[PDB]
Every structure is written in structure tokens, then in C-alpha cells.
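# Summary of structural features
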2 protein chains.
Amino acid sequence: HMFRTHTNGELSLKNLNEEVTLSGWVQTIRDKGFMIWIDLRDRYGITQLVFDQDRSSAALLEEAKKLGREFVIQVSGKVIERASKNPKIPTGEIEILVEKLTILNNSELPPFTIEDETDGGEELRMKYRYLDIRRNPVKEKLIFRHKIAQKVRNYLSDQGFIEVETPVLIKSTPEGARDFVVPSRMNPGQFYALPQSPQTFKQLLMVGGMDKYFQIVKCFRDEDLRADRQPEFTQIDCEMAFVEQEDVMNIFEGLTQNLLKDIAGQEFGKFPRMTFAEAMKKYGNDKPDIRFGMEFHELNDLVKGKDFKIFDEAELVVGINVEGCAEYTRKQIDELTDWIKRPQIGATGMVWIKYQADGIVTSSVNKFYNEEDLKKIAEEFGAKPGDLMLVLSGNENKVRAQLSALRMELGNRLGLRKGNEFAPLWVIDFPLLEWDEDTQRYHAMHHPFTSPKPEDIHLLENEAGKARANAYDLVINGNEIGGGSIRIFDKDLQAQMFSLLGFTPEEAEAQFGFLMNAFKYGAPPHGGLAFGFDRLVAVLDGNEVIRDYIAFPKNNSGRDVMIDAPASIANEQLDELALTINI
Amino acid sequence: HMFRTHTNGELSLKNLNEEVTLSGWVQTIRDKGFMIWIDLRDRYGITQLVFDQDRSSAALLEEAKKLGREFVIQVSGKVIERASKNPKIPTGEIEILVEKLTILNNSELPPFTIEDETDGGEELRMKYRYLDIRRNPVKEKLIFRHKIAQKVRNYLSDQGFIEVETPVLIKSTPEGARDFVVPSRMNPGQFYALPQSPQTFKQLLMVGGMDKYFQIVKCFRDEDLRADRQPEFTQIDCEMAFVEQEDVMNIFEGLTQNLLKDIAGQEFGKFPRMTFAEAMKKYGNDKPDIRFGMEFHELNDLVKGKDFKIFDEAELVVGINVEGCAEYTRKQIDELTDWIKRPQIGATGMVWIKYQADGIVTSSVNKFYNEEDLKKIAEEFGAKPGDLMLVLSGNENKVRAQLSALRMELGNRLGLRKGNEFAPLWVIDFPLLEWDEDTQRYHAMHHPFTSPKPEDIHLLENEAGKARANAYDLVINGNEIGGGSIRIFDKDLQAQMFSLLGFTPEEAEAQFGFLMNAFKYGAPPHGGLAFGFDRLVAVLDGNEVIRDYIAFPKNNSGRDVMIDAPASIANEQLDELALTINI
């Protein structure tokens, strides 16, 4: 039994009068008098079937009246022309005059409708995730994810990259984020860990002469699952030898351009680059969405010394110009003030300045600033009549994050963040170290093997606080897509970095000795980059929730609600592993 | 700055007189005082460097004399034409007259030679696997594995298969092969399992309408690791909807034809097919190597009834004709008799029949068989003067396995098994069930959801043991490459199969209820196939050892001797997992 001659999305008027066989799911049933119409579905599309006993038989209609939603059926019949074509679907010119029907599975009704806009809540859909996947918004995301993975692997293979599978059962490390562990039966009392990333092995592959490595690979981290955080997640992990920062960025810029061009139909030019300091100062974060304005303007010199204690005592006074919103009401302003006072944000208050359409600049602090003072502030913003400036103050890092949250929240609300617009950029020149004045300590901002920029190595002897890292982050639309760094290959530079970081030679060997010992047999210069694959696909699809790009995700407690994992195992398994559960 | 303008394998006479910069590992040093020659290596090849004393500073030559094997260096110099060309390597027309030298890493000597024929033993090489990977016999296998993976994904994607990542943290089941398990911190006393295969989820993807799914995917099994048995291993896992057995076979035959043509350079025709019964009878196994002869000939009628008790009492007398070996000496025959008497094989003895060069057939049992008796046996084999027939006897299944081992061993010894020769075939028509008298139930030989061939359904009522399965195995050169089966979608047939297998309804629900219940929402017909990827790559490369196609393998006890995993974890980790080691 051939089950089908065609898919349910490929027939058209060119197939008029052909005899065909189709199989699929009953998407919709329509009854008019004695005739029955059915939308037959598979992955490829919908084909309409018509049951008309006058042109078939009374027995066929008897069986067709038994059909329900999501029945799996097979039909044979003749392609005929519809009276009026449905222009919205590829097969909309034709319909199948059914002659034969076989019910393959008399399905129960689905617990929620199999439709783009379904009546099922999220928890019910995850319980029945295998039926959720039938729906176009989920099926299409899995297909799109597949297309990106193939494009990534073909592009990087063409560049000379070799895909290398690295082990999943590796060695557990005490420090850092929690490992998932795997008890060993053959080695009782001992464990493997699941990998946080291929970091150890990808560096060993550079020592091993592989030159250009990549892997699309699952990673595992047993951390708090907050927003869009899965215990297992997918990365594009890459490592290259004999490269400068510029080489790593150009290669992966080319890949990202390749993906964007295919997805958007537009070539993208050279990606803009910002230093860490520029991004923090202008946007209040190190992964900026540069598709819209509301850039930061610091106001200290214009506002201090005028008896407004809040601005006088703050380390930084900084604001944004919200264009066209000078007519915002008191309720709207208070709503924004309440929103930034939420503990999630932590702001203490907000100052507002209206550049009215009649040209008068007024504020919530007119007792301290006259019209000319306010006008100079509007001039600092380049604001125009009709604009609304919002001003926060506080500690430098704290208030930049608060203002950044407010900027992004306003960007969403005002419709300035569009899923079809893409602004990629690199953030570079992160500080290598961060100094604490009280304790006279440096703390590492990156992995201890991260190289200082070559031109900053001379700074390490006496001015280490001014050294930049040879590191780079790729950002799209305010989402961090990936990043990495150039690594140290000079044994003396590495020891000097460990000393600056507060490690004795013996402490450094205790935590990092395996790789350092391997490097002595001929590590080359090398650097790398890893993408968040889940996030990259979501962003390329104009989305910022990664959940539905994962076929079988977990909930916030790490549980698969569809198969009920994790769960208890048998006593004989525990015994054979030499484990007792603390009770 | 820049480490290289070119790789160490791409320069040639076309680059004559260009200034170039190269980096890599010092493969070989030849120092004759007035001139030093260095073979510089990277993944792409070797380029010869010349340090010419009379044309160089004294400092450059002094630095060249500091170089040792596997130093990482960078040089700049001029492409010049070799006086004595090396036709065997791509850069063999040229050499670099070095102007500048930088030691990037003054590597320690490797613990074994970085050469095709190395002086390192296997355990030392695995301890330093990252240095073993530098050698061409290992590097080339990893590159080859990457090439096969790419071809597989491109071929199946073009056929319409969608790659879907399935979870690694899944639910452990008490039955089946032993799971590796993962304790959950967030859900104390509960565990995940690592997947033996994507079995459950690939069926759910058919219920979910994905139609054609595949994955090159890691699998995990905590069973005895004998020879070439890794605790984690890679599969090509595939599943399709609305297919017949023939559909699944044609798709993956096409994939295999594509791979064979690309690697071996010859187009292959339709693959031969044997039933399980035919393979067992002709070759003594269900994964036969058909590239050479020595096919089995059963001899019961020709040997019984001549008062030779051993053959009289034997269930099966069967032999092979070893062409051209009639001059084997008594020591050689005794060696073969001893070899099959080893515990691995378990044979009790061996009879030989020589078709001598003078035309007389003689044997080791002339007391019972005359010249006419021996001649009838030679005719059954189609043996000719110069041939040696070897005959075993015993229980049907045990002696076929013994004779198959002898056949394969002789095939290797005689040079009949060539790595460059490929004979793929399918083995089909396996028995669906096997009867167990001890438990008074049938045993499934494949997945319990495997469907009987349609034409065998009538046998289930009374002769269930004669039913053939809708199942198929792909074999190449005596290696099982993969297999699968068509699944049941009729729940009443499924319930009948559970009864034959000895399950009460309540027991079948306890063990298979999750998929049974999911199928009620519209499982379609579906079938699948999984290949052993490690084995497929090895076989395509003419090898039968899979170890060196795995970048970082484990030893026979499941431990990675390079990083020394598994190992004990911290008491703080055990405590937060509520686990105690049984002392």
C-alpha cells in the first residue's frame, strides 16, 4: 500500500483530473446538507477533500460521517477545480473528489485546537508537546532551526573548519557553576560530569594541530532557570589557531552576514564596533540595541550646584529624550515612575522635562531650574518641541542599568523594536581587570587565559587597570549572540597574569594545571568564539523567546512535563551504583 | 601581528619569489652547520625551510640551532625553487629561504614521535591523545569523519528530512539496557537518564507530523565495554511517516550508494537482499561478508549412515571449500584445528577432505568413507584438484557460528578481505518472535512495536513463531551498518502482540503506556532506521577498528586516560544532591 502519491501541499491546477492518493490528519470538517468537506493536513500544507455521495457512493459518505478532528486517514480520488480558488493556500485552486477512504487512526480529539491561535494554555501544550508541534507556529520554528544549522555547518566547512565531536562524559571541576554529574558503576564512588562547554577539548584540539574547529553541541549547566533558561542548551562552539582578534571577528562576521542576507534578502555591510566604555556610556549596557534612539545624555555639569539635593549627591545624572511624548499625562508619567520603582529595576525616582509644542520648556523641578537652564538641557539632548526628557540619578553603574531598562521598555511600548529589523555590532575592548580600591585587589573579568590586547601588554607591570582584553561580543538587537577571546600562548605572560590575579604559582597549577601542562608540548596562538544557538535562531526569526525553538523543552524546575522526568530510579540501580539517597 | 600569509601545504612553483610568512610545528630538523633544513608542519601539509648561513645573520642561524622537534615557530622568507624536488608532497617544488624567525613556543619534546609510524604504544598515545591527533593517521581519520557527516546531513536534508535535536536529560526506565543516570539537585531523590537512543522522541515526532526526521546523535550505554565498545557512541537516527519497508530501504540505499560512489569512485547498482534464513544457512551469520567464497554446504545426507558416530549423532554436518589449499601441511591443519578449539569458538574437532593433485580425494576419516563417498562430497562443494574442504558438526546454530568464524579467519589469512572492496547488502525477513519455554511466552526479537509482514498476520493466531518481521539490516563487508523496522499503528494489533509477548494488559500499560496513550491522539504509520555512525565511517575508510575515528575515546573500563575521568567529587556536591557513597 503506497500511502500517498503527493504531499498535501503540492497539488495545483496543473494536476487537474489526475487520480491521486493522499494521507494526513483531518484538520477541519465542514457539513453542508449531505456533502462533507475536509481539510487534509501534513507538514507540507493543506488539500481540500470533497465527499459527495452522488459522485461517489452512499457507503463512502457513511464512513466520512465518522471522521473527527485529527483522524489519520488515506484517500484516493480525482483532482478537480474549485468554483472559486482559495488564493491563500498553494493548493487553493483544486480539491479532491474522494472515491476511496481508509481510516488509519481514529484519533481522540486533541486536548487543544490544532491551530495557529490555539485555545490551549502553555502548561497544557507542554504536557502534550508532541501535539503542539503539529501547529504551524511550532513546526515552522523547528524547520527554520534546521535550516540555520545546515547553513552554519556548510558555511564553516567551506571555510576550512573541521567538525569534531568531543566527549559528553568528562571530568567534574569543583569551581564555577554546578556540573550535572553521572555516577560510574565500573568505578564506584566516582563520577563523570556533563560538559558546561567543549572548552577544555577545543583548546586541546589546537595543541593537536586541528587549526580550525567547530561543533554545534549541547551544553549542560545546573543553575537557576530564570527566564528562558534550560538546563541543556545548544552552542556553536569554534576555535582557531594562529589568529588575531581581527581574524576571528571577520570570519564570524562573514557567517552572520551570510545568515542575515538569506533571511532578510539584504546584504549587510561592515558591522559597527563599540568599545565596552562607549556602549555603557551611550546605552547603559554592553549588548546594545542600536535600532532606535533615546541615547544617554549625562547631565552632571548642567544640573549640579543649583540646590536640588538629589542631583547634587548623585554620582551620575543621566537621561533620555523620548520624542513626541511631551503631551504625556500625569497618570502616564506616574506609571513610568512606578514601573522603574519596581524592585526588578530599583530606581528611587525620576525627573521629567517637557519641551512643549509652543516652545516652553517646563519640568518637575522648576523650583530649582528656570526656563533658560531647562533650555540648555534640551539643547544638550538635541530635543525639539513635543519631546519629553526623562532623567535618573544615582551610582554610575546602577543608574545606567535603570535607565537602560527604561529605554528598552519605552522602545518596546512605542513600537520602535521591529522583529524584521536587524542591527548587528561587535562590543570590544572590555577591561582586562577590575580594581577594588578598598581592598587593593584586582579581580578577573574573563578567563585567566584571556590575552591582553598586544598593545596593552606593556601596561601590566605598573598600570594593569588600564589594560584591555583581547575579547569580543557579537550583538544583534540588544541580544548577545556570542563572544570569545584570543588566548595566551606565552608561558611567561600567563604566569604574570596569574600573579596579577592573586594566584601563587602553586594555586594556579592546582586549578589550571592540566591545560598548562598540555600547552608546554606546543600550544599555538589560538582564539575562539561561541554562539548561543537557541538565541541566534530566535533572533534571526524575529523572536526573543527561545522556548518554542526547542522541540522538547524543560520547565523552570528542570522537569520535562511530557514524560515526567526526572524521576526516582530502582533500588537495584542505586545499589549497583553504590549510592544511598539521604533519608 | 599576522602569523601567516599561507598555510604550510598551499605554496608551489606558482608562488616563486614571493615573500611569505608561515607558522607551524617543527616536524624535522637537518643541521649541517652551513645550512639548516626544517620541515614546517600544519594541518594542511609540510613546507621546507632553508637557513643559509652565508646569506644570513649570525643571530638567525644561532636561533635556528635552538629549534627542537615540535617547537611552534613563525618565519618569513622568499619562495625559491628546489634543486631536488619532492614529487610526493604538494609544496615539493619549492622551499623558503628564511629571513626572520620567531619561536612562538619552545615546546618540550613529545613523549613519542609525531610520525605515521610512531614509537609510542597505545596507552601512552591515549594519555597524550591531544598530541596523537597531530599525526597524519589520526588527523586524516577525524577529517574524513567530518566529511562523511557533512555528506550525510546534506543528502538527508535534500531528501526533505528535518534535523531535530532531542533531549539528553530524559526519563530512566527499569527495563532494557543499563542507563547512565544524572541525579537532580532541584528534584532531590530523582534522576534523569542519558538516552540509549532518541527512540521515544523520534516516534513522538511522527505523531507530531514532522514526516521525515533525522539526527546524528550521541547515545549512551553503561554495559560491558569489550573490544571497540565505547560508553558513548554516535548514530544516524532516522524516522519517517507513511512509509512501507521498501520506501525506507530505497532512501537509505540511495544514501549509502551516494557515500560509496564518492569515497570509492564506483557507482553501485541495486543492493542484493538475503533473508535471515538464507544468510544463516549460507554463511552462518546474519551480517555476511559476501566478497569471497567458502560458502556453506550442508552435508547431512552425504555423511550420515556410514557408522561414523560423530557425524551420525550431529544435528548438522556442514563445511566450506578452501580453494587451492590441498597442500596445507599437518602442522597447518593442526593449527586450524587448535584455533577453532579455542574457547572463543568452542568447536569440538574438524574433519578435512583433500582433493589431491593426483586426482584422488582423501580425508581424515577414510575408515568410514571410500573414494566414491569422498568424491560425492567434493561434487557437492564443486571442489577441484588442489582444494581443501573443512567440515564441522554439531548443533545447528552453534556449528554455523563456529564455521562462520573459521571462514572469516581464513578470509583474512588468504588476503580475500580487501579494504578497497565493498559489498553492501540488506538482510530482511527476520523472525518476529522467539519462543521461551522457561517463561512460557514469546520474546520480541525487535522492538515490541515492530509490525509483522502483512502476509504473515494470519500466522499470529496459531503459528506466531513463523511470522516474519517488517525489519531490515544494512550490511557492508560483514559489518552491520544499521537497521530498523516498520512500526504498528493499529492499536488492536499492538494489543495482540503484547499478549503473545506474555504481558497482561495492566503490565503492558505500565511499561509502554506513555507512547500507547500518545498514539491515541493520531500516530500515523511510521518506520525508521538507525546507522552506527562510528562503524560506517570506519568501514567506508577500509577499517574495522573504530577507536581512531573517535577524537577522545575511552578505555575498556570507561575511563578517559587523558583527563582521568571519572573521579571523586566534593562532599559539598554529594550533600546538595542528597547522596552518600555506600562504604
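Residues numbered from 1 in each chain as written, not as in the entry; some residues may be left out. Chains lettered and ligands numbered in written order. Heavy atoms only, no water. Residues with missing side-chain atoms left out of burial classes, pairs and counts.

Structure determination for this entry is recorded as X-ray crystallography, at 2.1500 Å resolution.

### Focus: the overall build of chain A
Within chain A, the secondary structure is distributed over 16 helices and 23 strands. Overall, the C-alpha framework of chain A stretches about 95 × 80 × 55 Å when taken along its three principal axes. Long-range pairs, those at least 24 residues apart, make up 65% of the contacts in chain A with a sequence separation of at least 6. (Helix = DSSP H or I, 4+ residues; strand = E, 2+ residues; numbered from the N terminus. Contact = heavy atoms within 4.5 Å.)

### A word on the pattern of salt bridges
All names here are of chain A. Under the counting rule described, the total for this entry stands at 75 salt bridges over all chains. Note that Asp262 and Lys147 form a salt bridge whose closest N and O atoms lie 3.3 Å from each other. With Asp262 in helix α6 (residues 245-264) and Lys147 in helix α4 (residues 136-158), the pair connects residues that are 115 residues apart, well separated along the chain. With a relative accessible area of 37%, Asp262 lands in the partly exposed category. The residue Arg153 makes a salt bridge to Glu163 at a minimum N-O spacing of 3.2 Å. (Salt bridge = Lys/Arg side-chain N within 4 Å of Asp/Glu carboxyl O. Buried < 20%, exposed > 50% of the residue type's maximum accessible area, 1.4 Å probe, protein only.)

### With respect to the sheet that holds strand β1 (residues 19-31) of chain B
All names here are of chain B. If you walk around this closed barrel you meet the five strands as β1-β2-β3-β5-β4, and the pairing is mixed. When the angles between neighbouring strand axes are averaged without regard to direction, this sheet yields 55°. Pairing of β1 with strand β2 (residues 35-42), which is carried by six bridges, proceeds in the antiparallel orientation. From the neighbouring strand, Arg30 faces β2, where its bridge partner is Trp37. Of the strands in this sheet, β1, β2, β3 (45-52) and β5 (94-105) touch helix α1 (residues 58-65), which is tilted by about 70° from β5. (Pairing = 2+ DSSP bridges. Axes fitted to C-alpha atoms, helices over the stretch in contact; angles between N-to-C directions.)

### Points about the relation of the copies chain A and chain B
Each copy superposes on the other: chain A lies on chain B with an RMSD of 0.8 Å after a rotation of 180° and an axial shift of 0.1 Å. Expressed as a symmetry operation, the mapping of one chain copy onto the other fits a two-fold axis. Taking C-alpha positions as reference, the residue of chain A nearest the rotation axis is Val182 of chain A, located at 2.5 Å. Here 98% of the interface residues in chain A have copies in chain B that are interface residues too; the copies meet face to matching face. (Least-squares fit on C-alpha atoms.)

### Topic: the nonpolar core
Buried together is how nonpolar side chains tend to be arranged in soluble globular proteins. Formed by 91 residues in total, the largest nonpolar core has its most connected members in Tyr130 and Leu194 of chain A together with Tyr130 and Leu194 of chain B. Setting aside chain neighbours within four positions, we find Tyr130 of chain A in contact with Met562 of chain A together with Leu204, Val207, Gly208, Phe514, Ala518 and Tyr521 of chain B. (Core = buried A, V, L, I, M, F, W, Y, C linked by side-chain atoms within 4.5 Å.)

### Things to note about the packing of aromatic side chains
For the structure on display, the rule yields 42 aromatic pairs over all chains. Put simply, the rings of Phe449, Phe498, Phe503, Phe512 and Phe519 of chain A pair up and form one aromatic cluster. The ring of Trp352 of chain B carries the charged tip of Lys354 of chain B above its face, separated from the ring centre by 5.0 Å. The ring of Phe292 of chain B carries the charged tip of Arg407 of chain B above its face, separated from the ring centre by 4.0 Å. (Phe/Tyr/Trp six-rings, centres within 6.5 Å; stacked < 30°, edge-to-face > 60°. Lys NZ or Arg CZ within 6 Å of the ring centre and 35° of its normal.)

### What about the interface of chain A and chain B?
Every contact between the two is made by 119 residues of chain A and, on the other side, 120 residues of chain B. At nine residues, α4 of chain A tops the list of elements feeding residues into the side of chain A that touches chain B. In terms of residue class, the side of chain A that touches chain B is made up of 64 nonpolar, 27 polar and 28 charged. Where strand β23 (residues 579-581) of chain A and strand β23 (residues 579-581) of chain B come together, three bridges link them in antiparallel fashion. Counted as the bridge partner of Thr580 of chain A is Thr580 of chain B from β23 of chain B. (Nonpolar A, V, L, I, M, F, W, Y, C, P; charged D, E, K, R; others polar.)

### As for the domain arrangement of chain A
Taken domain by domain, chain A holds domain 1 (13-105) and domain 2 (275-414). Placing a centre on the C-alpha atoms of domain 1 of chain A and another on those of domain 2 of chain A gives a separation of 61 Å. (Domains from an automatic or database assignment.)

### Some points on the packing of helix α5 (residues 199-207) of chain A against helix α14 (residues 505-519) of chain A
Residues and elements named next belong to chain A. Running from N to C, α5 and α14 cross one another at 10°; their axes reach a closest spacing of 10 Å. Comparing the axis directions of α5 and α14 gives the class roughly parallel. Only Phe514, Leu515, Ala518 and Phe519 of α14 make contact with α5, whose side of the interface consists of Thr200, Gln203, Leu204 and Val207. Here the residues of the contact of α5 with α14 are counted per class, giving six nonpolar, two polar and no charged. (Parallel < 35°, antiparallel > 145°, perpendicular 65-115°, else oblique.)

### As for a negative patch on the surface
On the surface, a cluster of negative charge is made up of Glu115, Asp116, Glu117, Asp119, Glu140 and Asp541 of chain A. Tracing the chain through its elements places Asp119 of chain A in the loop between β5 (94-105) and α2 (122-127). (Patch = residues over 30% accessible without salt bridge, like charges linked within 9 Å, V, L, I, M, F, W, Y side chains within 5 Å. Areas by Shrake-Rupley, 256 points an atom, 1.4 Å probe, with all protein chains shown as cover. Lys, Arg positive; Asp, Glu negative; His and termini not counted. Charge placed at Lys NZ, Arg CZ, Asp CG, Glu CD.)

### Brief notes about the packing of helix α4 (residues 136-158) of chain B against helix α15 (residues 533-540) of chain B
In helix packing, the relevant descriptors are the interaxial angle and the interaxial distance, both defined with respect to the helix axes. Residue and element names in this part refer to chain B. Between α4 and α15, the shortest axis-to-axis distance is 10 Å and the interhelical angle comes to 110°. It follows from the interaxial angle that α4 and α15 lie roughly perpendicular. Where α4 crosses over α15, the handedness of that crossing is right-handed. Each of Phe144, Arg145, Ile148 and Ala149 in α4 lies in contact with α15, whose residues at this interface are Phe533, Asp534, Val537 and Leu540. Classifying every residue of the contact of α4 with α15 by side-chain character gives six nonpolar, no polar and two charged. (Left-handed = near helix turned anticlockwise from the far one by under 90°.)

### Here's the deal with the environment of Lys282 of chain A
Residue and element names in this part refer to chain A. Residue placement: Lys282 occurs in helix α7 (residues 276-283). In this structure, the C-alpha to C-alpha distance between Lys282 and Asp132, residues 150 residues apart in sequence, is 42 Å. Residues in contact with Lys282, not counting those within four places in the same chain, are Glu295 and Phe296.

### Quick look at helix α12 (residues 396-413) of chain B
In an α-helix, one full turn covers 3.6 residues, which means residues spaced three or four apart are oriented alike. Given a rise of 1.5 Å per residue, 18 residues ought to cover 26 Å, and the 26 Å separating the end C-alpha atoms of α12 of chain B matches this to within 8%. Directly after α12 of chain B, the chain includes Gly415 of chain B, whose backbone phi takes a positive value near 70°. (Expected span 1.5 Å × (residues − 1).)

### What to know about the UniProt feature "binding site: L-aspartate" (unreviewed entry) in chain A
Residues and elements named next belong to chain A. When the UniProt feature table is mapped onto this chain, "binding site: L-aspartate" (unreviewed entry) is found at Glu175, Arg221, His446 and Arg487. In three dimensions, the annotated residues from a span of 313 residues occupy distinct locations, with a maximal C-alpha spread of 23.5 Å. Tracing the backbone shows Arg221 in the loop between β9 (212-220) and β10 (232-241). If we ignore the near neighbours within four places in the chain, the residues touching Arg221 are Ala177, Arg178, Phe180, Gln196, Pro231 and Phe233. Within polar-contact distance, the side chain of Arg221 engages the side chain of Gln196 at 3.0 Å. The class for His446 is partly exposed, based on a relative accessible area of 21%. Excluding residues that lie within four positions of it along the chain, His446 makes contacts with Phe430, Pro431, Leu432, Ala469 and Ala471. (UniProt positions renumbered as here; feature names shortened; annotations may be inferred. Polar contact = N/O pair within 3.5 Å; in protein donor to acceptor, adjacent residues only side chain to side chain.)

### Focus: the UniProt feature "binding site: ATP" (unreviewed entry) in chain A
Residues and elements named next belong to chain A. When the UniProt feature table is mapped to this numbering, "binding site: ATP" (unreviewed entry) covers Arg221, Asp222, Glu223, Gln230, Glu480, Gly532, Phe533, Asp534 and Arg535. Assessed through its relative accessible area of 16%, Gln230 is described here as buried. Residues in contact with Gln230, not counting those within four places in the same chain, are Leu225, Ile550, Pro553 and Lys554. Residue position: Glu480 is located in strand β21 (residues 479-485). Accessibility expressed as a relative area gives 39% for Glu480, which makes it partly exposed. With residues up to four places along the chain from it excluded, the contact list for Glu480 reads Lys287, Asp473, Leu474 and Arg535.

### Regarding the sheet that holds strand β14 (residues 351-355) of chain A
Residues and elements named next belong to chain A. The antiparallel open sheet is built from five strands, whose spatial order is β12-β13-β16-β14-β15. Whereas interior strands pair on both sides, the edge strands pair on one side only; in this sheet they are β12 (297-298) and β15 (361-363). As paired strands, β12 and strand β13 (residues 316-322) are joined by two bridges and run antiparallel to one another. Note that in β13 the partner of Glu298 across the bridge is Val318. Those strands touched by helix α12 (residues 396-413) are β12, β13 and β16 (388-394), and its axis lies near 10° from that of β13.

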